[PDB]
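Asker: Just need the structure, nothing else, for what follows:
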Amino acid sequence: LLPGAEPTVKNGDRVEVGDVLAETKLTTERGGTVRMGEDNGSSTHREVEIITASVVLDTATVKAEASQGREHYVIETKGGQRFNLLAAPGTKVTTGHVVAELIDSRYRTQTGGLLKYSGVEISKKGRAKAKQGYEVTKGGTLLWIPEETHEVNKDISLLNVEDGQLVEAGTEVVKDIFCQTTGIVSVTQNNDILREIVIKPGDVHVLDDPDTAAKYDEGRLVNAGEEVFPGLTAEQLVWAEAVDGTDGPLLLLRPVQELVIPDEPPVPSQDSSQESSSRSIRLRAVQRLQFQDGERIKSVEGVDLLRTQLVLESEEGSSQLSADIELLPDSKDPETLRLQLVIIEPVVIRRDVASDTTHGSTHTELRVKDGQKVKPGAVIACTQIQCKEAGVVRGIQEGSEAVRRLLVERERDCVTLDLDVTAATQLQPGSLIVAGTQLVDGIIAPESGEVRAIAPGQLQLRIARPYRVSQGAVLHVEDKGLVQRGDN
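Answerer: Numbering: from 1, shown residues only. Now the structure:
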């Protein structure tokens, strides 16, 4: 018998050809839905799948695009806001990794910057390299002056653009790169080295004696009409700033904008199963933010600003929190395309094995269908072990939990042997009679074994073979046991 099989017949019942004697029950825990997985022969779809996290997304379409070099797919949300899919539908990831990104129409920023982290309800999770800032959860009143500082090192003689002056892109403050627009120059009387030139063309001015005002005090905090100095009251909401350039210390303003952050980026509705078998997958589009207050941008690039990450916080706690896949079937009856993310587990069904000398025929049978709500601990498969010859079943080893061997008395075992009148000697069902032993008149019995039914002329008996055991032999078997051919 199989290691995990179980007898189904009782000690003494007649057994026919093809009758099932053993069966092993294979069950799957946390059973959500159950797939078809037909095991009939060698069908293409035999690997039964359970599924517990069926997903039916709202309006969000995948399709076939080969644009931008070779090939990739892009998502849309509600009105068409682009959820760019950075990873193929074969990520094999579980959590903590990005699955969609947001566009940066306004977040496509300028070269430099002076970030003022102001009243933004950002997260609290130390960057630790791979975080690119914290996640902005709800609140936003962010302030940013995008001041376009250009970093290049040269000397005063090579500064044909001079310093503390405005000039178009024709002549530049540069020696290795090229300028972009009207180059307001700014050099703080630097010898043999300098810093990032702070070009301030938006709100050029010439105000004098700057570093004594009540508003420009290295931090600004300037409103729409905060008067830095008497006479000239500001009009724009920009920050009042000064640069010690022309004629000793000078004042040059810079335009400032607001980067107010609304609520978390919206995923409209995912019909992903949450309370089905306690597997609750969720996707939260949450925007992120880079370097904090005291790391004002001084480089020259488009510097990628706020980056929305599609968190996949699923359930409360599981193996790597999702143990999921991200393959996409069809969406509905309309042959559209929609990404789906479920939890799968592999269940293996062994191939059928034909008859053999020491084993029997095995047929597995399925008791499930294409889809049905089931409970954890539900039997999926039944592997049935049958017989190859009829007769009686006997020798059911009662044991405790180790029913391993079964015995079937076939018709060939019993042999009809013609003999004497069968007189009233001890000869009764049970007596063991050996070949060559004496009988009613010394007639030789041509067979050996145990007599069961005495006939008027026959003593039909089951065949056996005596094995003489000398005193002191180390026994290797117990009484009433079962043995195979070539066994000690």
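
Asker: ok now stretch 193-203, how far from the chain's centre?
Answerer: 50 Å (C-alpha atoms, centre = their mean, to the nearest Å).

Asker: before we move on, what about stretch 214-231?
Answerer: For stretch 214-231, the distance to the chain centre is 55 Å (C-alpha atoms, centre = their mean).

Asker: before we move on, what about stretch 318-338?
Answerer: 11 Å.

Asker: in the stretch 201-350 of the chain, which spans are helices?
Answerer: For the stretch 201-350 of the chain, applying DSSP state H, counting those that start in this stretch gives no helices.

Asker: Could you report the distance from the most centrally placed residue in the chain to residue 91?
Answerer: For the chain, residue 324 is the residue whose C-alpha lies nearest the centre (C-alpha atoms, centre = their mean; 2.8 Å). As judged by C-beta to C-beta, to the nearest Å, residue 324 and residue 91 stand 10 Å apart. For the C-beta atoms, the positions are set from N, CA and C on the backbone; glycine is no exception.

Asker: just residue 146 next, same as before
Answerer: Taken as C-beta to C-beta, the span from residue 146 to residue 91 is 35 Å.

Asker: With neighbour numbers in mind, choose between these two.
Answerer: residue 146 (21 against 17; other C-beta atoms under 10 Å).

Asker: Could you find the closest non-adjacent residue to the more buried one?
Answerer: residue 110 (3.9 Å; C-beta to C-beta, 6 or more residues apart in numbering).

Asker: residue contacts, that neighbour?
Answerer: 146-148, 302-303 (C-beta atoms under 8 Å, 6 or more residues apart in numbering).

Asker: Same list, those residues, but as JSON lines with distance to residue 25 please.
Answerer: Below are the contacts of residue 110 laid out as JSON lines (distance: C-beta to C-beta, whole Å):
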{"residue": "146", "distance to residue 25": "69"}
{"residue": "147", "distance to residue 25": "73"}
{"residue": "148", "distance to residue 25": "73"}
{"residue": "302", "distance to residue 25": "63"}
{"residue": "303", "distance to residue 25": "62"}
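
Asker: For ChimeraX, what selects the buried ones among those?
Answerer: The following ChimeraX line selects those of the contacts of residue 110 that are buried, judged by 16 or more other C-beta atoms under 10 Å:
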select :146,147,148,303
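
Asker: Determine which two of the contacts of residue 110 are furthest apart.
Answerer: 147 and 302 (15.0 Å; C-beta to C-beta).

Asker: Just the CA trace of stretch 347-362, in PDB.
Answerer: Provided in PDB are the C-alpha atoms of stretch 347-362 (Å, rounded to 0.1, in the frame of the first residue of the first chain):
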ATOM      1  CA  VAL A 347      -0.700  21.200  -6.600                       C
ATOM      2  CA  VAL A 348       0.800  18.100  -8.300                       C
ATOM      3  CA  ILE A 349      -1.100  15.000  -9.300                       C
ATOM      4  CA  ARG A 350       1.000  11.900 -10.000                       C
ATOM      5  CA  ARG A 351       0.800  10.100 -13.300                       C
ATOM      6  CA  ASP A 352      -1.100   6.800 -13.300                       C
ATOM      7  CA  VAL A 353       0.900   3.600 -13.000                       C
ATOM      8  CA  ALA A 354      -0.300   0.300 -14.500                       C
ATOM      9  CA  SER A 355      -0.200  -3.200 -12.900                       C
ATOM     10  CA  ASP A 356       3.100  -4.600 -11.500                       C
ATOM     11  CA  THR A 357       4.300  -7.600  -9.500                       C
ATOM     12  CA  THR A 358       4.300  -5.900  -6.000                       C
ATOM     13  CA  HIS A 359       2.000  -3.000  -6.700                       C
ATOM     14  CA  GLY A 360      -1.500  -2.300  -8.100                       C
ATOM     15  CA  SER A 361      -3.200  -0.100 -10.600                       C
ATOM     16  CA  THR A 362      -3.600   3.500  -9.500                       C
END
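
Asker: Could you tell me how far it lies from the centre of the chain?
Answerer: Stretch 347-362 has its C-alpha centroid displaced from the chain centroid by 34 Å (C-alpha atoms, centre = their mean).

Asker: And for the closest residue to residue 488 other than its chain neighbours, the neighbour number?
Answerer: Spatial nearest neighbour of residue 488, excluding adjacent residues (C-beta to C-beta, 6+ apart): residue 476 at 4.8 Å. Applying other C-beta under 10 Å, we find 9 residues neighbouring residue 476.

Asker: do residue 77 as well
Answerer: 19.

Asker: Next up, the contacts around it.
Answerer: Per C-beta under 8 Å, 6+ apart, neighbours of residue 77: 59-60, 83, 266-268.

Asker: Pull out the buried residues from those residues.
Answerer: 60, 83, 267.

Asker: As CSV, the residues you listed with distance to residue 152 would be great.
Answerer: What follows is the buried ones among the contacts of residue 77, written out as CSV (distance: C-beta to C-beta, whole Å):
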residue, distance to residue 152
60, 45
83, 39
267, 44
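
Asker: Out of these, which sit inside strands?
Answerer: In this view, those that belong to strands under DSSP state E are residue 83.

Asker: Can you tell me which of the buried ones among the contacts of residue 77 is nearest residue 197?
Answerer: Among the buried ones among the contacts of residue 77, and counting by C-beta to C-beta, the member closest to residue 197 is residue 83, at 39.1 Å.

Asker: what's the nearest residue to residue 463 if we skip its chain neighbours?
Answerer: residue 449 (4.2 Å).

Asker: how deep is the one you found tucked in, by neighbour count?
Answerer: Residue 449, neighbours per other C-beta under 10 Å, totals 22.

Asker: Let me know whether it touches residue 466 as I believe.
Answerer: No. Using C-beta atoms under 8 Å, residue 449 is not in contact with residue 466, being 9.8 Å away.

Asker: what sits in contact with each of those two?
Answerer: In contact with both residue 449 and residue 466: residue 432, using C-beta under 8 Å, 6+ apart.

Asker: Quick check, residue 156 in contact with residue 185.
Answerer: No. Using C-beta under 8 Å, residue 156 makes no contact with residue 185, being 11.3 Å away.

Asker: between the two, what contacts are shared?
Answerer: In contact with both residue 156 and residue 185: residue 163, using C-beta under 8 Å, 6+ apart.

Asker: out of the two, which sits in the more crowded spot?
Answerer: residue 185 (22 against 13).

Asker: Just confirm that one is within a strand.
Answerer: No. Assigned with DSSP: H, G, I helix; E, B strand; the rest coil, residue 185 falls outside any strand and is coil.

Asker: residue contacts, the spatially closest residue to it that is not a sequence neighbour?
Answerer: Closest residue to residue 185 apart from its sequence neighbours, by C-beta to C-beta, 6+ apart: residue 163 at 4.6 Å. Neighbouring residues of residue 163 by C-beta under 8 Å, 6+ apart: 156, 185-187, 245-246.

Asker: what's the closest of those to residue 232?
Answerer: Nearest member of the contacts of residue 163 to residue 232, counting by C-beta to C-beta, is residue 246, at 17.0 Å.

Asker: who touches the closest one in this structure?
Answerer: 163-165, 206.

Asker: Using neighbour counts, give me the buried entries of those residues.
Answerer: 163-164.

Asker: my read: residue 56 touches residue 271, true?
Answerer: Yes. Residue 56 lies in contact with residue 271 (C-beta under 8 Å); the separation is 3.8 Å.
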